[PDB]
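One chain is shown next in structure tokens, namely the form deposited in one PDB entry.
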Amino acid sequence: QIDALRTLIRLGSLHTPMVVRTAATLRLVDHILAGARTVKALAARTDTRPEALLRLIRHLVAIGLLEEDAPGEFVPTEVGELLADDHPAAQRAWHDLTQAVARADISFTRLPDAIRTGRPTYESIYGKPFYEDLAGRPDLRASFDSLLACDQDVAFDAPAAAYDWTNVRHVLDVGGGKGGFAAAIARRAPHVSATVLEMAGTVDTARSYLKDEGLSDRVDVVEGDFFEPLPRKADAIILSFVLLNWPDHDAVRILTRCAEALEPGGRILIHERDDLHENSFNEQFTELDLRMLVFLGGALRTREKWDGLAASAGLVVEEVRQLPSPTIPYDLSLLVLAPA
């Protein structure tokens, strides 16, 4: 009972997540690595009260993010080194309360309302629904876009590699972020052209990324709203981390728009995370699924529920593969859907 009780207190504790997040937000690990080892030197770098900073560091040592090397000198463990801003998993940014995702997590403080009503909680804190908030704040939009694309150059290699492109001439990436998926497809399949459809602000950052990668002649970027008719037909339409943002009714409206723009013999590729229901009681499914509830009113769906959504949009799930992230301990799902 002693071990059970401390297991519960730990899982229940709010100060630990918040200590990690403030350390990230304060750039503590970066500052230690640049030579500020002592509490007083870190206090000066972060403009904090030395005694308050010492109390925060005390907890960071307790939970294994920092350790003492010499008297009053602290140093990141291997876990703490992950908060270095140049680390490829970009966990410092992802835990930064000033950036879009960690800021969105304050939504979890009203979790009971979400479970009670099934509605997102984000608006009640920040005054606008998620995407209107990002649109009314271009600096948060930019942050959000860079977080989801922190991984861009490798995150889409695997799903692109899992799909055969022989029967594809044009690709439409609906809600395609900074153009990473489209880029990965282009590099792997020289005969394919692509169009990325996105919202304002994001479109310019997608163009600029594609120009940097030397793919502007092969990948086009267009501003648009994916609830309206899509501007182009395609042999392959990608919905990567889109459908999970939306409740069922809207997710079907999106799938239906995609189905309607499908060229004969076409397919849509859903890239996000699913599970068979019996295998869904795990931390990777729930962590993202609950973010979707509270940020947006969206959801991860089970393999079984995907049969239902697919059918309501005039589609069938042809096959589901699961694929590992190259950056982070997380599996993704690639679902290929065919017209009925």
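In this text, the rigid core denotes the largest set of C-alpha atoms whose superposition between the two forms falls within 1.5 Å. Start at 1 with the first residue shown and count on from there.
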Residue range whose averaged C-alpha B-factor is higher in the record, 35-43 or 283-291: 35-43
Residue range whose averaged C-alpha B-factor is higher in the record, 237-245 or 182-190: 182-190
According to the Cα B-factor stored in this entry, which of the following is highest: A90, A135, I270, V101? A135
Which is it among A158, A114, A200, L97: the one with the largest CA B-factor in the entry? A200
Quick check on the deposited entry: does the C-alpha B-factor of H15 sit in the lowest, middle or highest third of its chain? middle
Considering every modelled residue of the chain and its Cα B-factor in the PDB entry, is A149 in the lowest, middle or highest third? lowest
Position of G224 among the chain's modelled residues by C-alpha B-factor, lowest, middle or highest third: highest
Quick one: classify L8 as lowest, middle or highest third of the chain based on its Cα B-factor. highest
With respect to C-alpha B-factor, does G175 fall in the lowest, middle or highest third of the chain as deposited? lowest
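If you look for the form deposited in another entry, you will not find it shown, but the lines that follow are about it.
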After superposing on the rigid core, which residue among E78, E132, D217, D212 shows a C-alpha displacement of 2 Å or more between this form and the one not shown? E78
Return yes or no for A311: a CA shift of at least 2 Å between this form and the one not shown, with the rigid core superposed? no
Does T38 move its CA by 2 angstroms or more between this form and the one not shown when the core is aligned? yes
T48: CA shift of at least 2 Å between this form and the one not shown after core fit? yes
Closer or farther: the CA pair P326/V174 in that other deposited form, versus this form, with a change of 3 Å or more? farther
Against the shown form, C-alpha atoms of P329 and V174 in that other deposited form: closer or farther, for a change of 3 Å or more? closer
